[PDB]
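Participant: start_23.pdb is the file, holding PDB, C-alpha atoms:
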ATOM      1  CA  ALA U   8    -120.413 -15.263 -97.020  1.00  0.00           C
ATOM      2  CA  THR U   9    -117.887 -15.090 -94.236  1.00  0.00           C
ATOM      3  CA  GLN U  10    -116.876 -18.446 -92.837  1.00  0.00           C
ATOM      4  CA  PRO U  11    -114.786 -19.422 -89.850  1.00  0.00           C
ATOM      5  CA  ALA U  12    -111.014 -19.531 -90.517  1.00  0.00           C
ATOM      6  CA  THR U  13    -109.318 -22.809 -91.399  1.00  0.00           C
ATOM      7  CA  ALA U  14    -105.652 -23.646 -91.287  1.00  0.00           C
ATOM      8  CA  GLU U  15    -105.393 -22.373 -94.876  1.00  0.00           C
ATOM      9  CA  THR U  16    -106.725 -18.998 -93.745  1.00  0.00           C
ATOM     10  CA  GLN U  17    -104.136 -18.837 -90.944  1.00  0.00           C
ATOM     11  CA  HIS U  18    -101.443 -19.755 -93.494  1.00  0.00           C
ATOM     12  CA  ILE U  19    -102.518 -16.866 -95.768  1.00  0.00           C
ATOM     13  CA  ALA U  20    -102.568 -14.492 -92.786  1.00  0.00           C
ATOM     14  CA  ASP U  21     -99.177 -15.699 -91.634  1.00  0.00           C
ATOM     15  CA  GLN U  22     -97.680 -15.064 -95.111  1.00  0.00           C
ATOM     16  CA  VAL U  23     -98.593 -11.391 -94.899  1.00  0.00           C
ATOM     17  CA  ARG U  24     -97.972 -10.737 -91.172  1.00  0.00           C
ATOM     18  CA  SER U  25     -94.540  -9.246 -91.804  1.00  0.00           C
ATOM     19  CA  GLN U  26     -95.976  -6.844 -94.466  1.00  0.00           C
ATOM     20  CA  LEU U  27     -98.539  -5.730 -91.839  1.00  0.00           C
ATOM     21  CA  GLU U  28     -95.942  -5.457 -89.080  1.00  0.00           C
ATOM     22  CA  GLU U  29     -93.791  -3.272 -91.349  1.00  0.00           C
ATOM     23  CA  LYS U  30     -96.722  -0.982 -92.332  1.00  0.00           C
ATOM     24  CA  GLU U  31     -97.804  -0.728 -88.647  1.00  0.00           C
ATOM     25  CA  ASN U  32     -94.297  -0.479 -87.225  1.00  0.00           C
ATOM     26  CA  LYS U  33     -95.032  -3.012 -84.466  1.00  0.00           C
ATOM     27  CA  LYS U  34     -95.267  -6.739 -83.789  1.00  0.00           C
ATOM     28  CA  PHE U  35     -98.436  -8.469 -82.506  1.00  0.00           C
ATOM     29  CA  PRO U  36     -98.869 -10.351 -79.300  1.00  0.00           C
ATOM     30  CA  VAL U  37    -101.117 -12.684 -81.262  1.00  0.00           C
ATOM     31  CA  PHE U  38    -102.193 -13.190 -84.901  1.00  0.00           C
ATOM     32  CA  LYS U  39    -105.087 -15.560 -85.133  1.00  0.00           C
ATOM     33  CA  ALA U  40    -107.232 -15.749 -88.265  1.00  0.00           C
ATOM     34  CA  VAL U  41    -110.815 -16.022 -87.134  1.00  0.00           C
ATOM     35  CA  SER U  42    -112.936 -15.795 -90.245  1.00  0.00           C
ATOM     36  CA  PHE U  43    -112.668 -14.912 -93.935  1.00  0.00           C
ATOM     37  CA  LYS U  44    -114.394 -14.448 -97.242  1.00  0.00           C
ATOM     38  CA  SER U  45    -112.933 -14.786-100.669  1.00  0.00           C
ATOM     39  CA  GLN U  46    -113.612 -13.122-103.961  1.00  0.00           C
ATOM     40  CA  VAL U  47    -112.682 -14.285-107.424  1.00  0.00           C
ATOM     41  CA  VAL U  48    -110.972 -11.624-109.557  1.00  0.00           C
ATOM     42  CA  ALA U  49    -107.941 -12.393-111.817  1.00  0.00           C
ATOM     43  CA  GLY U  50    -106.667 -14.383-108.966  1.00  0.00           C
ATOM     44  CA  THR U  51    -108.437 -14.247-105.599  1.00  0.00           C
ATOM     45  CA  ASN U  52    -108.938 -11.617-102.929  1.00  0.00           C
ATOM     46  CA  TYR U  53    -109.059 -12.917 -99.375  1.00  0.00           C
ATOM     47  CA  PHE U  54    -110.567 -10.779 -96.717  1.00  0.00           C
ATOM     48  CA  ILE U  55    -109.540 -12.028 -93.309  1.00  0.00           C
ATOM     49  CA  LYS U  56    -110.564 -10.972 -89.802  1.00  0.00           C
ATOM     50  CA  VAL U  57    -107.612 -11.535 -87.483  1.00  0.00           C
ATOM     51  CA  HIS U  58    -107.408 -11.311 -83.704  1.00  0.00           C
ATOM     52  CA  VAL U  59    -104.301  -9.430 -82.683  1.00  0.00           C
ATOM     53  CA  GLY U  60    -104.704  -9.531 -78.882  1.00  0.00           C
ATOM     54  CA  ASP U  61    -107.025  -8.130 -76.192  1.00  0.00           C
ATOM     55  CA  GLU U  62    -110.242  -8.074 -78.251  1.00  0.00           C
ATOM     56  CA  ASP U  63    -108.456  -5.985 -80.958  1.00  0.00           C
ATOM     57  CA  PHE U  64    -108.883  -7.096 -84.565  1.00  0.00           C
ATOM     58  CA  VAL U  65    -107.509  -6.219 -87.979  1.00  0.00           C
ATOM     59  CA  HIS U  66    -109.185  -6.921 -91.308  1.00  0.00           C
ATOM     60  CA  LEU U  67    -106.813  -7.855 -94.089  1.00  0.00           C
ATOM     61  CA  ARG U  68    -107.263  -7.751 -97.867  1.00  0.00           C
ATOM     62  CA  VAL U  69    -104.846 -10.243 -99.357  1.00  0.00           C
ATOM     63  CA  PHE U  70    -104.301 -10.811-103.070  1.00  0.00           C
ATOM     64  CA  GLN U  71    -103.535 -14.278-104.248  1.00  0.00           C
ATOM     65  CA  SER U  72    -102.238 -14.691-107.795  1.00  0.00           C
ATOM     66  CA  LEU U  73    -103.438 -17.578-109.858  1.00  0.00           C
ATOM     67  CA  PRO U  74    -101.230 -20.647-109.167  1.00  0.00           C
ATOM     68  CA  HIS U  75     -99.818 -20.683-112.681  1.00  0.00           C
ATOM     69  CA  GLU U  76     -97.992 -17.330-112.273  1.00  0.00           C
ATOM     70  CA  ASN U  77     -96.268 -18.280-108.989  1.00  0.00           C
ATOM     71  CA  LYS U  78     -96.210 -14.992-107.043  1.00  0.00           C
ATOM     72  CA  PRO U  79     -96.392 -14.739-103.277  1.00  0.00           C
ATOM     73  CA  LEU U  80     -99.430 -13.453-101.386  1.00  0.00           C
ATOM     74  CA  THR U  81     -99.533  -9.669-101.188  1.00  0.00           C
ATOM     75  CA  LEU U  82    -101.223  -7.488 -98.602  1.00  0.00           C
ATOM     76  CA  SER U  83    -103.358  -5.145-100.739  1.00  0.00           C
ATOM     77  CA  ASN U  84    -104.898  -3.185 -97.837  1.00  0.00           C
ATOM     78  CA  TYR U  85    -105.981  -3.550 -94.212  1.00  0.00           C
ATOM     79  CA  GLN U  86    -108.120  -1.936 -91.546  1.00  0.00           C
ATOM     80  CA  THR U  87    -107.182  -1.800 -87.920  1.00  0.00           C
ATOM     81  CA  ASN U  88    -109.284  -0.849 -84.875  1.00  0.00           C
ATOM     82  CA  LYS U  89    -111.930  -3.503 -85.439  1.00  0.00           C
ATOM     83  CA  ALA U  90    -113.936  -5.296 -82.782  1.00  0.00           C
ATOM     84  CA  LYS U  91    -115.097  -8.878 -82.426  1.00  0.00           C
ATOM     85  CA  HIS U  92    -118.621  -8.084 -83.570  1.00  0.00           C
ATOM     86  CA  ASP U  93    -117.646  -6.064 -86.633  1.00  0.00           C
ATOM     87  CA  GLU U  94    -118.689  -7.387 -90.003  1.00  0.00           C
ATOM     88  CA  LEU U  95    -115.943  -8.418 -92.398  1.00  0.00           C
ATOM     89  CA  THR U  96    -116.930  -5.897 -95.081  1.00  0.00           C
ATOM     90  CA  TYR U  97    -115.300  -5.688 -98.501  1.00  0.00           C
ATOM     91  CA  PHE U  98    -112.959  -2.707 -98.695  1.00  0.00           C
TER      92      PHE U  98
END
Have the structure of the file written as structure tokens, please.
Facilitator:
Amino acid sequence: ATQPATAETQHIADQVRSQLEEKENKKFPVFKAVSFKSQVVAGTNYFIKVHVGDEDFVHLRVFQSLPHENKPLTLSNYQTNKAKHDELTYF
């Protein structure tokens, strides 16, 4: 289940912000992780709801490799145009 963001969630979000900014061709007035859920695969998928200013939100899908293969966090996919009350659905 989705849980409120911790500092670790903000760190994961921060590591992919530039990938998002590049794909969106803009910068964000704010980038605050608010909640997340995680999913074990071969590695771990993090789904993160992030406030990006004015009651706008983005949902991120971030892939984290297992520690032992030392690869950075990658942005697998994202959804923009989300609201504060929107469920953090898998996608």
Participant: For stretch 36-50 of chain U, please output as a ChimeraX atom specification all residues within 8 Å (counting all atoms listed in the file; exclusion window: fewer than 2 positions along the same chain).
Facilitator: /U:8-13,16-17,20-21,24,34,52-60,70-73,95
Participant: Using C-alpha atoms, can you write the selected residues to a file as a short mmCIF file (atom, residue, chain, number, x, y, z; two decimals), in the frame of the given file?
Facilitator:
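Result saved to part.cif:
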data_model
loop_
_atom_site.label_atom_id
_atom_site.label_comp_id
_atom_site.auth_asym_id
_atom_site.auth_seq_id
_atom_site.Cartn_x
_atom_site.Cartn_y
_atom_site.Cartn_z
CA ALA U 8 -120.41 -15.26 -97.02
CA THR U 9 -117.89 -15.09 -94.24
CA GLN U 10 -116.88 -18.45 -92.84
CA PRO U 11 -114.79 -19.42 -89.85
CA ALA U 12 -111.01 -19.53 -90.52
CA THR U 13 -109.32 -22.81 -91.40
CA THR U 16 -106.72 -19.00 -93.74
CA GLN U 17 -104.14 -18.84 -90.94
CA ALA U 20 -102.57 -14.49 -92.79
CA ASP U 21 -99.18 -15.70 -91.63
CA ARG U 24 -97.97 -10.74 -91.17
CA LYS U 34 -95.27 -6.74 -83.79
CA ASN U 52 -108.94 -11.62 -102.93
CA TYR U 53 -109.06 -12.92 -99.38
CA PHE U 54 -110.57 -10.78 -96.72
CA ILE U 55 -109.54 -12.03 -93.31
CA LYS U 56 -110.56 -10.97 -89.80
CA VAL U 57 -107.61 -11.54 -87.48
CA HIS U 58 -107.41 -11.31 -83.70
CA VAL U 59 -104.30 -9.43 -82.68
CA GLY U 60 -104.70 -9.53 -78.88
CA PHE U 70 -104.30 -10.81 -103.07
CA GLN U 71 -103.54 -14.28 -104.25
CA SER U 72 -102.24 -14.69 -107.80
CA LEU U 73 -103.44 -17.58 -109.86
CA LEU U 95 -115.94 -8.42 -92.40
#
Participant: If you measure from atom CA of residue U:90 to atom CA of residue U:65, what distance in Å do you get, rounded to one decimal?
Facilitator: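 So the two atoms, atom CA of residue U:90 and atom CA of residue U:65, lie 8.3 Å apart.
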Participant: In terms of the shortest atom-to-atom distance over only C-alpha atoms, which of U:15, U:87, U:78, U:96 is closest to residue U:28?
Facilitator: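 Nearest to residue U:28: U:87.
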Participant: What's the separation between atom CA of residue U:61 and atom CA of residue U:83, in Å to one decimal place?
Facilitator: 25.0 Å
Participant: What do you get, as a PyMOL selection string, if you spell out every residue that the PyMOL selection byres ((chain U and resi 85) around 7) selects here?
Facilitator: chain U and resi 65-68+84+86-87
Participant: When distances are computed from all atoms listed in the file, which of U:64, U:91, U:14, U:23 shows the smallest separation from residue U:79?
Facilitator: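 Once distances to residue U:79 are computed over all atoms listed in the file, the minimum belongs to U:23.
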Participant: State, in Å with one decimal place, the distance from atom CA of residue U:77 to atom CA of residue U:31.
Facilitator: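 One can read the atom CA of residue U:77 to atom CA of residue U:31 distance as 26.9 Å.
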Participant: Taking into account only C-alpha atoms, which residue in the set U:30, U:19, U:35, U:62 is nearest to residue U:80?
Facilitator: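 Closest candidate: U:19.
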Participant: Would you please work out which residue, of U:51, U:81, U:75, U:63, is nearest to residue U:26 when using only C-alpha atoms?
Facilitator: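 Between U:51, U:81, U:75, U:63, the residue approaching residue U:26 most closely is U:81.
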